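K.L.:
Right, I'll just put the structure down here and ask away after.
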Amino acid sequence: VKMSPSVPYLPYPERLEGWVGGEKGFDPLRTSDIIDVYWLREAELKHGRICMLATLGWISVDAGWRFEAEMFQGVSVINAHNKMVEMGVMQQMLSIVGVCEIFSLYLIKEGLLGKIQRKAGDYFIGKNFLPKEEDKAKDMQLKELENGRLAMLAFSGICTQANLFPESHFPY
Amino acid sequence: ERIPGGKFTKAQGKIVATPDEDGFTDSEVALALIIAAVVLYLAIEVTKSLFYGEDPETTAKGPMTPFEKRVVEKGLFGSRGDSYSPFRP
Amino acid sequence: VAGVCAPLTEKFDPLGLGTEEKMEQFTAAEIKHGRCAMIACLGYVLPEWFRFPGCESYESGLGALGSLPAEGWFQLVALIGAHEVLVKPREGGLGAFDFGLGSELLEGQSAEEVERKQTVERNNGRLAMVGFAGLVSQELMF
Amino acid sequence: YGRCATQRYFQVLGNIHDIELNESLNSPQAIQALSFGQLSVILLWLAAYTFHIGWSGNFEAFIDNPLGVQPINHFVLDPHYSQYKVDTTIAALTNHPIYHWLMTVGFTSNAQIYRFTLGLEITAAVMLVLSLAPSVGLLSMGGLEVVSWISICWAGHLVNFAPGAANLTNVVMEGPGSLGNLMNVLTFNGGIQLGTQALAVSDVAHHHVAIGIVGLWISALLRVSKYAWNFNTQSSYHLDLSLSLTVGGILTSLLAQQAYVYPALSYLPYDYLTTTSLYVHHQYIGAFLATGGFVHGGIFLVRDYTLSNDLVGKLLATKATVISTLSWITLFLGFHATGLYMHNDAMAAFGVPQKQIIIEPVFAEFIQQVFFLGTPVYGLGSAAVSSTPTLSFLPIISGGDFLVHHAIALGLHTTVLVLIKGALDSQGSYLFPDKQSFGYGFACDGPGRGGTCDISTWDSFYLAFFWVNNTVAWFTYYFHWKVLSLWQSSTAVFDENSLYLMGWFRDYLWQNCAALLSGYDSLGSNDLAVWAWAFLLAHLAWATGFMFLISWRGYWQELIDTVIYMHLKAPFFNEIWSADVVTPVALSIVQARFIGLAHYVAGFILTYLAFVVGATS
Amino acid sequence: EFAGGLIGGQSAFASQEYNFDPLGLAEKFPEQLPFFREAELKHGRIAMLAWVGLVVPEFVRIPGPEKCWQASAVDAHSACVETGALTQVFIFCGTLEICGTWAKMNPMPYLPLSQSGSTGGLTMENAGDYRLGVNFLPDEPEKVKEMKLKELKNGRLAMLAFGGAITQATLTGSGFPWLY
Amino acid sequence: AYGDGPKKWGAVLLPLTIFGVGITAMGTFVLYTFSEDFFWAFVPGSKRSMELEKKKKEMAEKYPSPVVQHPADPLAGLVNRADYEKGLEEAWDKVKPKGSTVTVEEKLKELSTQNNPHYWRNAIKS
Ligand code: CLA
Ligand code: CLA
Ligand code: CLA
Ligand SMILES: CC(=O)O[C@H]1CC(C)(C)C(=C=C/C(C)=C/C=C/C(C)=C/C=C/C=C(C)/C=C/C=C(C)/C=C/[C@@]23O[C@]2(C)C[C@@H](O)CC3(C)C)[C@](C)(O)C1
Ligand SMILES: CC(=O)O[C@H]1CC(C)(C)C(=C=C/C(C)=C/C=C/C(C)=C/C=C/C=C(C)/C=C/C=C(C)/C=C/[C@@]23O[C@]2(C)C[C@@H](O)CC3(C)C)[C@](C)(O)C1
Ligand SMILES: CC1=C(C/C=C(\C)CCC[C@H](C)CCC[C@H](C)CCCC(C)C)C(=O)c2ccccc2C1=O
């Protein structure tokens, strides 16, 4: 009878209670019941961070802020990945992301198995910028999540609009 | 160069054409080995999990998910039974 | 039993060298050496396969000591030394090797698993120490 | 520690996967985790094959000339080779249709194969991750709906990589369009398509989408049939396992038959050795799966069934009738098949081949002509010729095939007789009325009551596995000789010399071993040397199985006791070995029977594989 | 009582209710009755919007790719599917339908009803209740029942009206008056 | 060339994968034979298995399960074993042979008691 505030006609997805974004209770097609909210929140945070970075990347490289090196000059955002994948640049970025994601795999596996007690999305980078106040810490986490969601939708937009209309730039 | 053995190899005249280069270079072989190393680490984890079995607290201290609660209550997906049956319905 | 895993059954002190007191400092030294050797083996392996755009001129191995302008070598040493002097062990650490990095993963981990992680780290560091010794000696001599 | 005997090894290793006895991971979640681990192993095995095909292989040279090139499996780097053998060997050739499968499913480069290997390794990692966390939630995964969805997705893949997909107009964007547009990727031509001499990829994709949709509908119908009349009265891991194993054995045998007669992989029939190996391998797998279904039915009877007035109770009450009638069928079939074969042997030996008893397989000929053949080949039942016939590789039968099929029926009925007899006597015989309290497998009940050797229900499988291997050998000899005659264009040497068993020796076994034995001799060694060596190795394993089956424990236990005496009395070693640690004892009776059967069947499989390779090379 | 006490069986005349069910589906399927009312109200709402969207374009039409917008009602649909308008309308309607109905109905929306069964989320009380604009309801049960009856009557009228409108338009063409 | 590749990788790995891996597997299996947990799940009364059984019992008695489980003692399924026996007693008194001196509780004690000291769970002083 909790009646999730987002979709009023649906019952509250119970496992979302206590999590940072759970006060809105938006999980229709309730998947917190089938999938552990630890995994769902780790995936949400990973997508949000990747999109918060990819948005800025697309904007900066579409505006014309290419890196110093040649093989980075004159390459548009669209035909960029297929270019740096043959220049050897996407391989090393894949290596760095691979070690970061092996760290992520260890963290997710140990957390879901219950061995470690890290929080979902916590990679232990930071902890000296956290507001240190529990209400303020949860507020900062909610800011991260909301910005990540906005950035996910924004990058989806930006990318689709750019690739549908190649002769354009960031305002689209 | 091979010495052909068997009547059909000689009759049909099929030739074992060696590729000029190798096919996987060395970098992609290294990537395959790295991915296999990750799979090996996961296999070690699975072996440790299975050899010591499931601990008694998990599935007893960890509350069942609402999906699992409703499935056990309504007897679905092999519950209300003592079988595995991946090809249930 | 922090370092004793299974090929052994006891402490490997043929020339009895720990004998209390020294043991802790030697443990710090061994753990730091093992960490450096693990990252150094990774270093030997990988520059031979990708080269970090901007570094695609220098030679790998010990030749990098000759290459890589000595100012850059000094900057690398400066980063290393800044960490070494400005990190310090955490507080309630298990020793001088507990610089706090990743120690959150040990929170409530049981003695067996904490010690197992310690032993995995130390044995991997030992294997990497002998591996780097082989790599450097082989690259230099033959 | 370790103050056990060597019997501990073979006692626990025989039940090491009997997880129902393993109280730790006894829950069904653990069994699903075992399934996940097994699927990870399968994925890594397929990754092995794809990786070695793409690494040292000629797939890029295979797609260009699939008829003129021999597929390479992996590179050979045996240090024991002599420079000549090193110069002689190029690489380990291919005995499986993975090149043909990759060509069919749209692989055109080694880069695609490498990506496939990476995907297989990643999927194995996913399976291991799933096995890491057994859970009633994961028990939801699976079902006939899931496998039908897998079939639908495979249909989508085949549509995406059909040869006519280039001409296909995008249906989901420009509408369905004309019928030919869909015919670019979805066809029901039926039978061999000529050229590739295999079923069209469009046919396979259309088959799979139809099968997936029908499977979804059938699963929904079965679950509504579970809505009303909801009765899970007998749930057992062994009952469901027997169901799965029997269905899988039927499907695998059907796969062998319909993959020989309707090859789905391009340019497969041109490769004789791979076709023969495919058929033999899949028939062995199917027979093994059916035998496992019977075995797990027996196990369910042994330790999971409670007597009731149900289907199984009715079967048990009249088990004497079932066993007696199966015995009559087997006796009749064996008597008549053996007698007709011996009569033909005598007639051919006495220079009177006309006086053989050749009963024409008129019933199978009637079925073939009326239902399958599009031209009058025999003329019985029908003589109509099809205006637009379809192509396939259905063999044309003759007089010998009647006797061979009766031998097949004898083998199948005898195997079923042994398995059913053992399963139903697991509830007890008058020599062993209380077999319900002794478990599925045990040595015996002693020399009393006249003797009770091989009275266990597991011993029923042990006896029936010889018959499984014998039946598969019979019909695989049949298939192999039939296809060898067809490929060598004889088709009359078979039809005449298969009537008598000396033909089966001289023209099949003795004749087709000529090249295999010349794998290595005084003159030198060729590419068949490995297979002659494996032939000898398999014979050695078979005879070691003979050792473990003929000679029984007591002798060997006394001999091992004397050997222990020699060790304990030996110098320089009595100070070190007191026989207390892992005491050397003779293999238990059940362990000995299983190990003898294992050597027997290992030699069986390796001998026939080496012979098939040396004959169809 | 009749149809589990659902609203809609009231007749216009007096307390002599209509209770129209000649084939008796309400009595034969009382546990499937919330689903029946869900389907009825959904069809009624869609038909109201559909009749309004058959009438309005004959008056004013949005500027667009000129193939879907500048077309009659009967031949609109094919051109609109081709133009990519109805595919986005389908995305919107599918998201709404999946989330709303498929989650109010299936307790396990991540599973088809063949695997979840249940379907207990649709009770008799919350049949058409998607909690949308409930503040506009009168604050007394009698007028709430009357408003629900108005919605049902207009929905049935819209079902029949849209059926007639589309059939006549296919037969004849024309605009809002679909007469010959 | 075609040979290169598998030649160098093989010279590195095949010695490893066969010699080192198989020899390590054999040695570790011999060690596992002398390990305390050698086939612990299949050796009756093994320390790890007995501790696991004890912890399972503790978890069952500390976290009761709402769903009904298969009773380890078949008579433990009864919701009211008292009522079971009381009924038995009434039925037996109804069909007792004359004034029999045999009572139901004594018969239940006689049937439940059993002298099998050689059965394990009894040889472990349990
Ligand atoms: C930086 C080097 C270094 C250091 C400081 C330590 C320190 C330690 N090790 Mg250790 N170890 C190392 C490298 C090192 N290890 C390597 C490479 C291996 C692989 C074989 C091991 C394997 C090992 C085992 C198996 C065990 C230890 C243990 C210990 C602890 C007690 C031993 C002691 O008092 O000796 C500390 C002092 C030294 C090790 C002297 C290092 C410098 C010497 C003089 C070098 C001698 C020559 C050497 C062979 C180099 C070859 C060149 C030569 C030909 C010139 C202590 C914390 C024990 C432990 O953890 O206790 C529970 C234990 O059981 N170690
Ligand atoms: C998916 C299918 C499936 C599954 C899940 C099971 C599962 C099970 N079976 Mg089963 N079975 C199956 C198929 C299956 N079976 C089939 C197809 C058959 C017929 C062949 C059997 C016949 C069978 C029997 C007869 C018995 C079981 C038993 C069991 C249970 C214990 C298994 C165990 O510990 O064995 C231990 C497993 C082994 C010892 C494996 C042997 C290792 C092989 C032989 C190695 C040899 C290959 C070698 C590499 C070749 C070398 C060649 C040479 C030239 C070098 C377990 C529940 C047992 C049981 O329940 O008894 C209570 C039992 O007695 N099964
Ligand atoms: C060549 C070897 C051989 C032969 C002939 C048989 C024969 C038989 N086995 Mg058998 N078996 C064998 C090897 C063999 N086994 C091995 C190696 C194993 C593994 C341990 C088994 C395991 C096994 C089991 C577990 C079972 C059998 C059964 C049977 C019988 C099946 C009924 C049948 O076919 O009757 C036909 C009989 C024959 C072909 C024997 C030859 C009879 C004559 C010589 C041939 C006919 C000549 C002519 C027509 C007669 C003239 C009549 C008049 C003119 C005088 C049959 C007696 C089953 C059984 O007994 O059920 C009844 C059964 O349950 N066997
Ligand atoms: C919380 C936070 O913010 O960060 C956290 C993240 C995370 C991930 C949780 C953490 C961690 C763990 C880490 C970082 C673990 C890294 C471990 C590494 C890199 C180990 C390398 C071993 C190399 C070996 C043995 C080489 C062996 C080489 C051998 C044997 C070579 C041998 C030969 O070279 C020799 C000797 C001669 C050659 O010719 C032949 C060959 C065979 C190559 C931390 C520390 O908590 C920090
Ligand atoms: C939070 C928030 O947001 O609040 C929301 C909440 C909520 C609930 C969504 C709201 C609402 C209600 C809505 C949207 C109500 C809309 C209702 C409509 C459009 C009803 C149309 C009926 C058309 C009929 C019967 C056609 C009848 C047509 C007939 C009989 C035609 C009949 C013939 O055509 C036919 C059949 C043949 C023709 O030839 C001749 C004629 C006779 C014309 C709010 C309050 O607004 C806002
Ligand atoms: C030969 C023979 C033996 C003797 C065979 C034995 C004892 C097994 C042979 C063991 C082989 C030779 C391996 C010996 C140990 C190896 C060093 C491998 C050890 C592997 C473990 C560490 C797991 C029997 O015990 C027996 C019992 C019942 C019927 C027939 C027979 C029978 O024929």
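So you can find residues: chains in the structure tokens are A, B, ... in the order shown, residues in each start at 1, and ligands are numbered from 1 in order.
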May I ask you to write as a PDB file with N, CA, C and O atoms, in the first residue's frame all residues lying at most 7 Å from ligand 4, with only C-alpha atoms and all ligand atoms counted?

P.N.:
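Below is the file pocket-v4.pdb, written as the result:
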```pdb
ATOM      1  N   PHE A 103      39.018  -4.118 -11.602  1.00  0.00           N
ATOM      2  CA  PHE A 103      38.760  -3.607 -10.260  1.00  0.00           C
ATOM      3  C   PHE A 103      37.265  -3.623  -9.964  1.00  0.00           C
ATOM      4  O   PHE A 103      36.828  -4.068  -8.897  1.00  0.00           O
ATOM      5  N   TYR A 123      34.137   3.264  -5.505  1.00  0.00           N
ATOM      6  CA  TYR A 123      35.426   2.721  -5.902  1.00  0.00           C
ATOM      7  C   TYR A 123      36.564   3.238  -5.037  1.00  0.00           C
ATOM      8  O   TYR A 123      37.731   3.022  -5.374  1.00  0.00           O
ATOM      9  N   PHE A 124      36.247   3.911  -3.930  1.00  0.00           N
ATOM     10  CA  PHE A 124      37.212   4.442  -2.972  1.00  0.00           C
ATOM     11  C   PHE A 124      38.070   5.559  -3.549  1.00  0.00           C
ATOM     12  O   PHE A 124      39.125   5.876  -2.995  1.00  0.00           O
ATOM     13  N   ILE A 125      37.648   6.168  -4.653  1.00  0.00           N
ATOM     14  CA  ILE A 125      38.295   7.362  -5.182  1.00  0.00           C
ATOM     15  C   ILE A 125      37.499   8.556  -4.681  1.00  0.00           C
ATOM     16  O   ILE A 125      36.335   8.738  -5.048  1.00  0.00           O
TER      17      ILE A 125
ATOM     18  N   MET C  38      55.989  -6.248  -8.728  1.00  0.00           N
ATOM     19  CA  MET C  38      54.806  -6.573  -9.515  1.00  0.00           C
ATOM     20  C   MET C  38      54.546  -5.501 -10.565  1.00  0.00           C
ATOM     21  O   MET C  38      54.380  -5.801 -11.760  1.00  0.00           O
ATOM     22  N   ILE C  39      54.543  -4.235 -10.144  1.00  0.00           N
ATOM     23  CA  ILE C  39      54.310  -3.184 -11.128  1.00  0.00           C
ATOM     24  C   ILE C  39      55.466  -3.111 -12.122  1.00  0.00           C
ATOM     25  O   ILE C  39      55.266  -2.762 -13.289  1.00  0.00           O
ATOM     26  N   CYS C  41      57.268  -5.736 -13.274  1.00  0.00           N
ATOM     27  CA  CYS C  41      57.060  -6.795 -14.255  1.00  0.00           C
ATOM     28  C   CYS C  41      55.983  -6.399 -15.254  1.00  0.00           C
ATOM     29  O   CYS C  41      56.138  -6.606 -16.468  1.00  0.00           O
ATOM     30  N   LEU C  42      54.890  -5.805 -14.763  1.00  0.00           N
ATOM     31  CA  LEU C  42      53.883  -5.289 -15.684  1.00  0.00           C
ATOM     32  C   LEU C  42      54.492  -4.261 -16.630  1.00  0.00           C
ATOM     33  O   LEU C  42      54.202  -4.258 -17.834  1.00  0.00           O
ATOM     34  N   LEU C 101      45.555   2.266   1.462  1.00  0.00           N
ATOM     35  CA  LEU C 101      44.981   2.114   0.133  1.00  0.00           C
ATOM     36  C   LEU C 101      44.311   0.754   0.010  1.00  0.00           C
ATOM     37  O   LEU C 101      44.973  -0.282   0.108  1.00  0.00           O
ATOM     38  N   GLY C 102      43.000   0.759  -0.201  1.00  0.00           N
ATOM     39  CA  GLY C 102      42.255  -0.473  -0.303  1.00  0.00           C
ATOM     40  C   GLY C 102      41.943  -1.136   1.016  1.00  0.00           C
ATOM     41  O   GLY C 102      41.273  -2.174   1.022  1.00  0.00           O
ATOM     42  N   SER C 103      42.391  -0.567   2.136  1.00  0.00           N
ATOM     43  CA  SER C 103      42.127  -1.161   3.438  1.00  0.00           C
ATOM     44  C   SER C 103      40.644  -1.200   3.771  1.00  0.00           C
ATOM     45  O   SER C 103      40.251  -1.936   4.682  1.00  0.00           O
ATOM     46  N   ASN C 124      52.749 -13.218  -4.407  1.00  0.00           N
ATOM     47  CA  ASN C 124      52.810 -12.624  -5.735  1.00  0.00           C
ATOM     48  C   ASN C 124      53.964 -11.643  -5.833  1.00  0.00           C
ATOM     49  O   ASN C 124      54.647 -11.576  -6.859  1.00  0.00           O
ATOM     50  N   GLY C 125      54.209 -10.883  -4.766  1.00  0.00           N
ATOM     51  CA  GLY C 125      55.343  -9.980  -4.761  1.00  0.00           C
ATOM     52  C   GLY C 125      56.672 -10.705  -4.812  1.00  0.00           C
ATOM     53  O   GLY C 125      57.614 -10.236  -5.446  1.00  0.00           O
ATOM     54  N   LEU C 127      57.189 -13.762  -6.192  1.00  0.00           N
ATOM     55  CA  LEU C 127      57.308 -14.254  -7.558  1.00  0.00           C
ATOM     56  C   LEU C 127      57.672 -13.126  -8.509  1.00  0.00           C
ATOM     57  O   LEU C 127      58.479 -13.310  -9.422  1.00  0.00           O
ATOM     58  N   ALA C 128      57.104 -11.939  -8.299  1.00  0.00           N
ATOM     59  CA  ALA C 128      57.429 -10.814  -9.162  1.00  0.00           C
ATOM     60  C   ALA C 128      58.829 -10.279  -8.896  1.00  0.00           C
ATOM     61  O   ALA C 128      59.465  -9.753  -9.808  1.00  0.00           O
ATOM     62  N   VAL C 130      61.464 -12.202  -8.062  1.00  0.00           N
ATOM     63  CA  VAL C 130      62.345 -13.085  -8.819  1.00  0.00           C
ATOM     64  C   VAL C 130      62.134 -12.887 -10.319  1.00  0.00           C
ATOM     65  O   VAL C 130      63.090 -12.961 -11.103  1.00  0.00           O
ATOM     66  N   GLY C 131      60.903 -12.591 -10.742  1.00  0.00           N
ATOM     67  CA  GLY C 131      60.654 -12.356 -12.152  1.00  0.00           C
ATOM     68  C   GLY C 131      61.362 -11.124 -12.678  1.00  0.00           C
ATOM     69  O   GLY C 131      61.962 -11.157 -13.753  1.00  0.00           O
ATOM     70  N   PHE C 132      61.302 -10.020 -11.932  1.00  0.00           N
ATOM     71  CA  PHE C 132      62.023  -8.826 -12.349  1.00  0.00           C
ATOM     72  C   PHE C 132      63.522  -9.050 -12.305  1.00  0.00           C
ATOM     73  O   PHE C 132      64.248  -8.526 -13.152  1.00  0.00           O
ATOM     74  N   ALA C 133      64.017  -9.772 -11.297  1.00  0.00           N
ATOM     75  CA  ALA C 133      65.443 -10.067 -11.259  1.00  0.00           C
ATOM     76  C   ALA C 133      65.866 -10.800 -12.524  1.00  0.00           C
ATOM     77  O   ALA C 133      66.858 -10.438 -13.170  1.00  0.00           O
ATOM     78  N   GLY C 134      65.091 -11.811 -12.915  1.00  0.00           N
ATOM     79  CA  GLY C 134      65.370 -12.503 -14.160  1.00  0.00           C
ATOM     80  C   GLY C 134      65.295 -11.590 -15.366  1.00  0.00           C
ATOM     81  O   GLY C 134      66.164 -11.631 -16.236  1.00  0.00           O
ATOM     82  N   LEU C 135      64.267 -10.743 -15.423  1.00  0.00           N
ATOM     83  CA  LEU C 135      64.098  -9.855 -16.569  1.00  0.00           C
ATOM     84  C   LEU C 135      65.270  -8.892 -16.699  1.00  0.00           C
ATOM     85  O   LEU C 135      65.847  -8.746 -17.780  1.00  0.00           O
TER      86      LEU C 135
END
```

K.L.:
Can you tell me which residues come within 9 Å of ligand 6 when counting only C-alpha atoms and all ligand atoms, ideally as a short mmCIF file (atom, residue, chain, number, x, y, z; two decimals) with N, CA and C atoms, in the first residue's frame?

P.N.:
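Contents of pocket.cif, freshly written:
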```cif
data_model
loop_
_atom_site.label_atom_id
_atom_site.label_comp_id
_atom_site.auth_asym_id
_atom_site.auth_seq_id
_atom_site.Cartn_x
_atom_site.Cartn_y
_atom_site.Cartn_z
N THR D 6 43.45 -46.84 -0.76
CA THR D 6 43.24 -46.43 -2.14
C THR D 6 41.81 -46.66 -2.59
N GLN D 7 41.07 -47.50 -1.87
CA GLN D 7 39.65 -47.69 -2.16
C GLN D 7 38.87 -46.40 -1.95
N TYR D 9 39.64 -43.41 -2.96
CA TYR D 9 39.62 -42.70 -4.23
C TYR D 9 38.45 -43.16 -5.10
N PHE D 10 38.46 -44.44 -5.48
CA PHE D 10 37.44 -44.95 -6.38
C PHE D 10 36.08 -45.06 -5.73
N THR D 544 42.97 -54.12 -21.69
CA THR D 544 43.06 -53.83 -20.26
C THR D 544 41.68 -53.86 -19.61
N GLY D 545 40.67 -53.37 -20.33
CA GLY D 545 39.30 -53.55 -19.86
C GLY D 545 38.94 -55.01 -19.73
N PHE D 546 39.41 -55.84 -20.67
CA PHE D 546 39.26 -57.28 -20.53
C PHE D 546 39.86 -57.77 -19.22
N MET D 547 41.04 -57.26 -18.86
CA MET D 547 41.66 -57.65 -17.60
C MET D 547 40.77 -57.30 -16.42
N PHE D 548 40.27 -56.07 -16.39
CA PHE D 548 39.46 -55.64 -15.26
C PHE D 548 38.10 -56.32 -15.22
N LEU D 549 37.62 -56.84 -16.35
CA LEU D 549 36.31 -57.49 -16.38
C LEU D 549 36.40 -58.99 -16.09
N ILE D 550 37.41 -59.67 -16.62
CA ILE D 550 37.51 -61.12 -16.45
C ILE D 550 38.03 -61.46 -15.06
N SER D 551 39.24 -61.02 -14.74
CA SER D 551 39.80 -61.28 -13.42
C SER D 551 39.14 -60.39 -12.38
N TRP D 552 38.74 -60.99 -11.27
CA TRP D 552 38.01 -60.28 -10.23
C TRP D 552 38.92 -60.03 -9.03
N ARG D 553 38.34 -59.49 -7.95
CA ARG D 553 39.14 -58.79 -6.95
C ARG D 553 40.06 -59.73 -6.19
N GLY D 554 39.50 -60.71 -5.49
CA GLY D 554 40.25 -61.51 -4.53
C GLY D 554 41.66 -61.91 -4.92
N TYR D 555 41.83 -62.25 -6.18
CA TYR D 555 43.14 -62.63 -6.67
C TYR D 555 43.99 -61.44 -6.55
N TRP D 556 43.54 -60.35 -7.10
CA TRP D 556 44.33 -59.13 -7.13
C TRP D 556 44.58 -58.58 -5.74
N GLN D 557 43.63 -58.75 -4.82
CA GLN D 557 43.86 -58.33 -3.44
C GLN D 557 44.98 -59.13 -2.80
N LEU D 559 47.42 -60.62 -4.44
CA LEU D 559 48.65 -60.21 -5.12
C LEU D 559 49.15 -58.88 -4.58
N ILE D 560 48.25 -57.93 -4.36
CA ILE D 560 48.64 -56.63 -3.82
C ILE D 560 49.12 -56.77 -2.38
N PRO D 584 47.43 -49.45 -0.04
CA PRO D 584 47.11 -50.03 -1.35
C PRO D 584 46.23 -51.26 -1.23
N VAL D 585 44.97 -51.14 -1.62
CA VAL D 585 44.06 -52.27 -1.64
C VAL D 585 43.53 -52.43 -3.05
N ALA D 586 43.08 -53.64 -3.36
CA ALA D 586 42.53 -53.91 -4.68
C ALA D 586 41.24 -53.14 -4.89
N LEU D 587 40.96 -52.83 -6.15
CA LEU D 587 39.74 -52.12 -6.49
C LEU D 587 38.52 -52.91 -6.05
N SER D 588 37.53 -52.21 -5.49
CA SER D 588 36.29 -52.87 -5.12
C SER D 588 35.62 -53.44 -6.36
N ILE D 589 34.67 -54.35 -6.13
CA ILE D 589 34.06 -55.09 -7.23
C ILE D 589 33.33 -54.14 -8.17
N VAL D 590 32.55 -53.21 -7.61
CA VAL D 590 31.85 -52.23 -8.45
C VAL D 590 32.85 -51.34 -9.17
N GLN D 591 33.88 -50.88 -8.45
CA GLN D 591 34.89 -50.04 -9.07
C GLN D 591 35.61 -50.78 -10.18
N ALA D 592 35.93 -52.05 -9.95
CA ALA D 592 36.60 -52.85 -10.97
C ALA D 592 35.72 -53.02 -12.20
N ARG D 593 34.44 -53.32 -11.99
CA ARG D 593 33.53 -53.48 -13.13
C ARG D 593 33.42 -52.18 -13.91
N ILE D 595 35.64 -49.71 -14.08
CA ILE D 595 36.90 -49.37 -14.75
C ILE D 595 37.13 -50.28 -15.94
N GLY D 596 36.76 -51.56 -15.83
CA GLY D 596 36.83 -52.44 -16.98
C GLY D 596 35.90 -52.00 -18.09
N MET F 26 48.80 -33.09 -9.87
CA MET F 26 49.06 -34.36 -9.20
C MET F 26 49.55 -34.15 -7.78
N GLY F 27 50.51 -33.24 -7.60
CA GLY F 27 51.04 -32.99 -6.27
C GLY F 27 49.99 -32.41 -5.33
N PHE F 29 46.81 -32.86 -5.60
CA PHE F 29 45.84 -33.90 -5.29
C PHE F 29 46.38 -34.86 -4.24
N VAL F 30 47.68 -35.16 -4.29
CA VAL F 30 48.28 -35.97 -3.23
C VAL F 30 48.21 -35.24 -1.90
N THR F 33 44.79 -35.44 -0.61
CA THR F 33 44.55 -36.74 0.00
C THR F 33 44.92 -36.72 1.48
#
```

K.L.:
Could you tell me, counting only C-alpha atoms and all ligand atoms, which protein and nucleic acid residues lie no more than 6 Å from ligand 1, written as a PyMOL selection string?

P.N.:
chain C and resi 1-4+11-13+17-18+23+26-27+29-30+33+126+129-130

K.L.:
Could you take the residues named above and write them with C-alpha atoms, as a short mmCIF file (atom, residue, chain, number, x, y, z; two decimals), in the first residue's frame?

P.N.:
```cif
data_model
loop_
_atom_site.label_atom_id
_atom_site.label_comp_id
_atom_site.auth_asym_id
_atom_site.auth_seq_id
_atom_site.Cartn_x
_atom_site.Cartn_y
_atom_site.Cartn_z
CA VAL C 1 51.83 -17.19 9.13
CA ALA C 2 51.34 -14.03 7.08
CA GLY C 3 53.87 -15.17 4.49
CA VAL C 4 53.74 -18.93 5.04
CA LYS C 11 59.05 -19.52 8.32
CA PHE C 12 61.80 -19.61 5.69
CA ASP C 13 64.75 -18.29 7.71
CA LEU C 17 67.51 -13.09 10.04
CA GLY C 18 64.18 -11.92 11.45
CA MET C 23 60.78 -8.84 11.56
CA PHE C 26 61.71 -6.53 7.13
CA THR C 27 58.03 -7.23 6.47
CA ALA C 29 60.58 -3.87 3.16
CA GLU C 30 59.45 -7.16 1.59
CA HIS C 33 59.64 -4.63 -2.75
CA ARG C 126 58.00 -12.64 -4.19
CA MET C 129 60.69 -9.99 -7.38
CA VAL C 130 62.35 -13.08 -8.82
#
```

K.L.:
DSSP on the backbone, alpha helix (DSSP H) only: what residues of chain B does that give? Format it as a VMD selection string.

P.N.:
chain B and resid 7 to 12 27 to 51 66 to 74

K.L.:
Give the residue list for ligand 5 at 6 Å, counting only C-alpha atoms and all ligand atoms, as a list in words, sorted by chain and then by residue number.

P.N.:
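Listed by chain and ascending number, the contacts are residues 48, 49, 51, 132, 133, 154, 157, 158, 161, 164, 165, 177, 178 and 179 of chain E.
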
K.L.:
Considering only C-alpha atoms, return as a list in words whatever protein or nucleic-acid residues lie within 8 Å of residue 268 in chain D, sequence-local ones (same chain, fewer than 6 positions apart) excluded.

P.N.:
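Counting only C-alpha atoms, the residues come to residues 97, 100, 196, 197, 198, 274 and 275 of chain D.
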